[PDB]
Structure formats: structure tokens, C-alpha cells
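Q: For reference, the structure I am asking about is given below.
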Amino acid sequence: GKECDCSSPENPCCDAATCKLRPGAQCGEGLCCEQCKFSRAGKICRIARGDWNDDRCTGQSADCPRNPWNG
């Protein structure tokens, strides 16, 4: 389970041997991964098609969380 931070085995930000971050980068790929770094929270990681609420970046997670109405 915890043995890979990037789903790309050709990404330089994550050691392919372990599949995790090789350098001191917080993340190799993700909506909140700016320059392999964790973007800030409250960041529109994604929009919402319809009329509810877009998606705010957590700031501590590489990917982005979702609302209880997006399915």
C-alpha cells in the first residue's frame, strides 16, 4: 500500500525503485502538487458541473478532496 507516491514510473519527482518521492518534494503528481510541492488549502482544485460548490484544495494533500454532492 504505502510504497508509491506517483502512478507514473517515468516521473523524476518520485524514485521509480520505490515509486515514492525521491527528492524533498511533497508530491510528484496531484491537483495540489505545484512544483511537486503541496499547494495551499482553499485552492479551487476543481470545479463542479451543476450548482453546488467547486473543490477547495486541502493544502496538506497532493490530490483534491470532494464535496458530499459530487457523484
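Please read every residue number as a count from 1 along the shown chain.
Just so you know, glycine gets a Cβ as well, placed from its N, Cα and C.
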Q: Which of these, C19, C27, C32, shares a disulfide with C57 in Swiss-Prot?
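A: As annotated by Swiss-Prot, the paired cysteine is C32.
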Q: Based on the record in Swiss-Prot, give the one of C4, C6 in a disulfide bond with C14.
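A: So the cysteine that Swiss-Prot bonds to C14 would be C6.
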Q: Pick from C36, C45, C64: which one does Swiss-Prot say forms the disulfide with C13?
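A: In Swiss-Prot, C13 forms its recorded disulfide with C36.
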Q: If you pull up Swiss-Prot, which of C4, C33, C45 shows a disulphide to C19?
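A: Between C19 and one of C4, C33, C45, Swiss-Prot records a disulfide, namely with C4.
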Q: Determine the minimum-neighbour residue: among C19, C33, listed as disulfide-bonded residues, which Cβ has the fewest other Cβ atoms within 10 angstroms?
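A: Looking at the disulfide-bonded residues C19, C33, the Cβ with the fewest others within 10 Å is that of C19.
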Q: Please work out the number of neighbouring Cβ atoms within 10 Å of the Cβ of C4 (disulfide bond), leaving out its own Cβ.
A: 16
Q: Restricting to the chain of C27 (disulfide bond) and a gap of 6 or more, list residues whose Cβ falls under 8 Å of its Cβ, or answer none.
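A: Listed in sequence order: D5, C6, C13, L21, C33, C36, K37, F38, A62.
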Q: Neighbour count first, Cβ atoms within 10 Å, every protein chain included; then name which of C13, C14, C45 tops the list of disulfide-bonded residues.
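A: Result of the Cβ crowding comparison: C14.
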